[PDB]
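Structure, as structure tokens:
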There are 4 protein chains.
Amino acid sequence: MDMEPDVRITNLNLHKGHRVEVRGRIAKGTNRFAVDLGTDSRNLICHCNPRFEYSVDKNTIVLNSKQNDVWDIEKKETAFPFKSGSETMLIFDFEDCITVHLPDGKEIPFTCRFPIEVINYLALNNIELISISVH
Amino acid sequence: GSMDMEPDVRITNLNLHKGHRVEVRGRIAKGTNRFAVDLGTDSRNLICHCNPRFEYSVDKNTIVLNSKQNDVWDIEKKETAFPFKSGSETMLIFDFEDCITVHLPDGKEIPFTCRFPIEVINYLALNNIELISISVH
Amino acid sequence: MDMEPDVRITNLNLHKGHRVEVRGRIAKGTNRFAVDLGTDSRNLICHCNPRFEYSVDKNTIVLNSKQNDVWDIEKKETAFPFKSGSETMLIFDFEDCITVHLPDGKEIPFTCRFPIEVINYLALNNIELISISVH
Amino acid sequence: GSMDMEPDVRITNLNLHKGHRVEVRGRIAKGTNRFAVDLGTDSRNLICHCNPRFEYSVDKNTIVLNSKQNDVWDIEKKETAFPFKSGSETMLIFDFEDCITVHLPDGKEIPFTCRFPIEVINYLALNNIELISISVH
Ligand SMILES: OC[C@H]1O[C@@H](O[C@H]2[C@H](O)[C@@H](O)[C@@H](O)O[C@@H]2CO)[C@H](O)[C@@H](O)[C@H]1O
Ligand SMILES: OC[C@H]1O[C@@H](O[C@H]2[C@H](O)[C@@H](O)[C@@H](O)O[C@@H]2CO)[C@H](O)[C@@H](O)[C@H]1O
Ligand SMILES: OC[C@H]1O[C@@H](O[C@H]2[C@H](O)[C@@H](O)[C@@H](O)O[C@@H]2CO)[C@H](O)[C@@H](O)[C@H]1O
Ligand SMILES: OC[C@H]1O[C@@H](O[C@H]2[C@H](O)[C@@H](O)[C@@H](O)O[C@@H]2CO)[C@H](O)[C@@H](O)[C@H]1O
């Protein structure tokens, strides 16, 4: 991948009915960043990928899932409450349907593409960790 | 009536000095017309009234900033960036310097120069937003 | 009172089934500090008052309630996980019986001395605010 | 078996430099004999293994600190202050400098000098404690 790998967490043990809050500083001048959740690096239930400019996307959020290292079909959100070099916060509610809380107060649904009962893997790409909290 | 906001928390003796920041998280009242976070020395003397308006007065999805001295409002500054949804959580961070910086949750900042001399912000209030947390650094 | 008044919060609207977490820096070299919860300054459901040295108490927590400015009967805890000039954290679970979570993992019960359904008043004395959060 | 702790979170690519601190909140496993928070470059090379022991080996209600290089443990440092209860939440803060400072939740600090040269802590692990939050400053 092109992005700079930042923090990874393994053995996260995040079960359904719980949420993860990710705060961090978006890389200055970056084209895109991502927060990934899943079972391991090859198996992502949620790849949340705001793009300043990448591929055909400009100030768009791409969401996707990855199974055995193959990407599923992208879903795209046009709301874009981000600025590179700035702090941001994303909250992920883990249920049968994931809810991504954007920092502008919008909630984006993303249904689980594959059955999963525990998220053990979390990764940050092109965003420097400030804090991660689970509730 | 609805031209008035419901008072939420008031914090006194905040002792926020220049070179420091305050972070406010809270849940915006559902269906509300506007909400505010106010900073100053007391309710009559505000160095920064940060008032996002969903619909109020002539303003639609617009941030109004102002100051208040001796209970009289000064000139409004308006910002068109509007990263808020009523009924949702939000976070505003205020960097206290000679020029206040209002960090919006979409990563934009709004400068707001101190309109009167002030060295300590001791008063912070929330209106039409329910406290989740307040942090100082 | 002798202690330095630090932050006060009014209109806190803390209902039963919820908790407040108070982080702060204990005044350097201080004799005691307190976190107070109640309906207003004259009416405290919980005055949590760790004493380094005050009155007959040395490295003891005094808990009390105050009604119309008159103190009730003190309850005292000997566990003393505090150091003056240092950061600390106290968590208060609001129920019919308040639970004070000390930073050493101990939970101290304090029953409500008077009927109260909302805590609207919070005060810090001889401790400088770092953060207050409600859940 | 019970001489081994259950692995909890592992964080890699932490990029913690000197002059900065990491704060770890978590819930200590109920009934457990010991728990640990480890800092270093990987699991074989630890600049600080902070291991409060309820009862383990010759140690009762004692903090064991050590370092590990090339998967070999160095000399244990023991601290008698023990502000922990199994099954409860706890918070440990680590200030990374030439001398690490371990801030215990009772307000005591434990110095732990760097036993080998290190400029970045990239690995952080929790054993017999369930993550609540990790924060860097
Ligand atoms: O679906 C998420 C991944 O997208 C990959 O990029 C896609 C791109 O989004 C699409 O427009 C088309 O161009 O093909 C690209 C490569 O398959 C990223 O490279 C990857 O990192 C994910 O974000
Ligand atoms: O400037 C902040 C205060 O505005 C007051 O309303 C203004 C209004 O914004 C303006 O368009 C005109 O109508 O005058 C009003 C009175 O000064 C709000 O009433 C007040 O709560 C502040 O937000
Ligand atoms: O009960 C809490 C209040 O105690 C007052 O001090 C008591 C003291 O604890 C007791 O030993 C006896 O000496 O009388 C004192 C005064 O009534 C404090 O002054 C007050 O601030 C509370 O902490
Ligand atoms: O020094 C940290 C490691 O200690 C290991 O156990 C020690 C034990 O503390 C000591 O008393 C003696 O029994 O030798 C043992 C082996 O080095 C733990 O097994 C290990 O997990 C660390 O905590």
Side-chain angles (χ1 to χ4, degrees), chain B residues 1-7 33-38 43 46 48-53 55-60 62-69 71-78 115 125 127-128, chain C residues 1-5 31-36 41 44 46-51 53-58 60-67 69-76 110 113 123 125-126, chain D residues 1-7 33-38 43 46 48-53 55-60 62-69 71-78 115 125 127-128:
Chain B
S2 56
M3 297 295 270
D4 267 306
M5 297 180 289
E6 177 190 81
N33 61 2
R34 71 180 179 130
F35 77 96
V37 181
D38 296 330
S43 68
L46 305 176
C48 185
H49 165 73
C50 177
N51 188 212
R53 293 166 175 202
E55 215 165 289
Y56 183 91
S57 178
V58 299
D59 298 307
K60 181 196 224 298
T62 296
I63 307 175
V64 167
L65 305 178
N66 208 344
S67 52
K68 200 175 199 189
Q69 304 169 70
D71 220 37
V72 183
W73 293 110
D74 296 310
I75 299 174
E76 286 173 0
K77 178 180 192 158
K78 302 181 185 204
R115 286 170 165 181
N127 293 319
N128 271 2
Chain C
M1 79 165 168
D2 57 338
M3 292 182 288
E4 176 154 26
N31 59 330
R32 72 202 181 113
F33 73 97
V35 179
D36 296 331
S41 73
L44 302 179
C46 187
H47 169 74
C48 179
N49 189 215
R51 295 172 176 195
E53 198 162 320
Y54 184 83
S55 189
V56 292
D57 306 306
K58 188 164 191 302
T60 298
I61 310 177
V62 162
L63 300 175
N64 209 350
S65 50
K66 191 159 58 184
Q67 297 183 57
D69 251 8
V70 178
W71 288 110
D72 295 322
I73 296 133
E74 295 170 356
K75 289 266 177 185
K76 301 192 181 180
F110 196 61
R113 266 75 182 273
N125 296 321
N126 277 359
Chain D
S2 56
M3 297 295 270
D4 267 306
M5 297 180 289
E6 177 190 81
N33 61 2
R34 71 180 179 130
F35 77 96
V37 181
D38 296 330
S43 68
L46 305 176
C48 185
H49 165 73
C50 177
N51 188 212
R53 293 166 175 202
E55 215 165 289
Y56 183 91
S57 178
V58 299
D59 298 307
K60 181 196 224 298
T62 296
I63 307 175
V64 167
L65 305 178
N66 208 344
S67 52
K68 200 175 199 189
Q69 304 169 70
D71 220 37
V72 183
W73 293 110
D74 296 310
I75 299 174
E76 286 173 0
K77 178 180 192 158
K78 302 181 185 204
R115 286 170 165 181
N127 293 319
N128 271 2

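Each ligand, and each atom within it, is numbered from 1 in the order the structure gives. Each chain gets a letter, A, B and so on, in the order its sequence line appears, and its residues count up from 1. Values below: every heavy atom of this structure, side chains too, minus hydrogens, waters and symmetry copies.
Listed by chain and residue number, nothing satisfies the salt bridge (charged side-chain N to carboxylate O under 4.0 Å, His left out) test with C/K58 (two or more places apart in sequence, or in another chain). A search for side-chain hydrogen bond (donor to acceptor under 3.5 Å, both in side chains) contacts involving C/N125 returns C/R8, C/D36, not counting sequence neighbours. For B/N66, the side-chain hydrogen bond (donor to acceptor under 3.5 Å, both in side chains) partners are B/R115, not counting sequence neighbours.
The shortest distance between side-chain heavy atoms of D/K78 and D/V58 falls below 4.5 Å. Looking only at side-chain heavy atoms (C-beta outward), B/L46 and B/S67 stay at 4.5 Å or farther from each other.
Side-chain contact, B/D59 with B/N51: no donor N or O sits under 3.5 Å from an acceptor N or O.
If you look at ligand 4, the protein residues with a non-hydrogen atom under 4.0 Å away are D/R34, D/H49, D/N51, D/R53, D/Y56, D/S57, D/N66, D/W73, D/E76.
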